[PDB]
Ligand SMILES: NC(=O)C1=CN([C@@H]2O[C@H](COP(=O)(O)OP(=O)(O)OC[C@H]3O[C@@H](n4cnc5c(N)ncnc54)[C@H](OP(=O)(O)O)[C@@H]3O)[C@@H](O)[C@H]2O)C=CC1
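Given next, in structure tokens, is a single chain: the form solved without this ligand.
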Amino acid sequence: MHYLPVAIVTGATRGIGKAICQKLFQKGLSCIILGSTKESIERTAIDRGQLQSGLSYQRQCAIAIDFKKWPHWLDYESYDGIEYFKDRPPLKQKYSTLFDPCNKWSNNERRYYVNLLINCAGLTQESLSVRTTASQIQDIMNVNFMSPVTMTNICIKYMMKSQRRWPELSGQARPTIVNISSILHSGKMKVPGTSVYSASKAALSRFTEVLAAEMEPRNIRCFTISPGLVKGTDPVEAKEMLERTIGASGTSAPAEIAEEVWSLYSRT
């Protein structure tokens, strides 16, 4: 009216969110990046080069929010973010909500709205279960499952309201949510030291699937993507043999996942 779609990218950790953002930006979307720290945010946010070459109305911001502290983060008064510009260096700003940047970007001729949520759920574990503290279990489950569930719920309600509030929006891709899992979440890929991380991804997966059935009668699309291991970090010999069990499912890279996310969002 015009109407401008935006994606929220969540919990991205190993260049995966960078790759996702870059895809969405090349495809003409705006992004809200939700990082745990100012450092993670910076890594995810796209460069000034891809900023300058963006369509005139394209926007990117980032917001530091500690998912480790779920559910306390739900109750914060305002959120401290960072607004990006084509021509000048980034500027601090503050937000009433996670959807607020959409309000702030919008004017009389153009309405930015959230149409895509990607939950990356990227906190990794590298310790045997018997040697993992309560605090660590909490961090993995809060960052990978609990916080994603809340973003998912919050975002679905926003999406459901907006269809009512801006009827012309039915013209528009259907409202989408994608949650990223791991090949580790099921099957033969069982990696010692990966106990609660695998559990969290199985939880994210299963959750997304029952939710999809709840959202059938609604306009909302709920996808879960289950990539292979991405290069670096995360070695046992049996595993290397195990990994063979198949390609291309055993291994992944940021740019592949980015493409796989776009494939899902683009479907018609």
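Note that the rigid core is defined as the largest set of C-alphas that superpose within 1.5 Å between two forms. In this text, residue numbers run from 1 along the sequence as written.
The segment from residue 172 to residue 173 is interrupted, since 1 to 3 residues of the deposited sequence in that interval carry no coordinates.
Where coordinates are absent for parts of the deposited sequence, a chain break appears; between neighbours residue 234 and residue 235 it spans 4 to 9 residues. Averaged over Cα atoms, the B-factor as recorded in the entry is higher for 126 to 134 than for the other of 126 to 134 and 110 to 118. Between the stretches 235 to 243 and 53 to 61, it is 235 to 243 that shows the larger average CA temperature factor. In this structure the maximum Cα B-factor among 197, 145, 76, 105 is found at 76. Sort the chain's modelled residues by C-alpha temperature factor and residue 218 lands in the highest third, per the entry. Ranked by Cα temperature factor within the chain, residue 248 sits in the highest third according to the deposited record. Remark: residue 181 belongs to the lowest third of its chain, ranked by C-alpha B-factor as recorded. Looking at the C-alpha B-factors along this chain, the one for residue 43 belongs to the highest third. Among all modelled residues in its chain, residue 97 ranks in the middle third by Cα B-factor.
Not pictured, yet referred to below: the form solved in complex with this ligand.
Clashes are found between this ligand, overlaid from its position in the deposited bound form, and the backbone or C-beta atoms here, as 3 or more atoms lie within 2.4 Å; the site counts as blocked.
For the three marked residues, 35, 123 and 227, a heavy atom of each sits within 4.5 Å of this ligand in the deposited bound form.
Although the partner is absent here, residue 66 lies within 4.5 Å of this ligand in the deposited bound form, judged by heavy atoms. With a 4.5 Å cutoff on heavy atoms, residue 40 counts as touching this ligand in the deposited bound form. The closest heavy atom approach of residue 116 to this ligand in the deposited bound form falls outside 4.5 Å. At a distance threshold of 4.5 angstroms between non-hydrogen atoms, residue 23 is out of contact with this ligand in the deposited bound form. In summary, among the residues 145, 95, 197, 105, the only one with a non-hydrogen atom within 4.5 Å of this ligand in the deposited bound form is 197. The candidate stretches are 130 to 138, 180 to 188, 154 to 162, 95 to 103, and the one lying within 4.5 Å of this ligand in the deposited bound form by heavy atoms is 180 to 188.
Annotation for residue 23: C-alpha shift under 2 angstroms between this form and the one not shown, rigid core superposed.
The Cα position of residue 214 differs by less than 2 Å between this form and the one not shown after fitting on the rigid core. After superposition on the rigid core, displacement of the C-alpha of residue 12 between this form and the one not shown amounts to 2 Å or more. A shift of at least 3 angstroms brings the Cα atoms of residue 13 and residue 33 nearer to each other in the deposited bound form than in the displayed structure. With a change of no less than 3 Å, the CA-CA distance between residue 13 and residue 100 is smaller in the deposited bound form than in the form shown.
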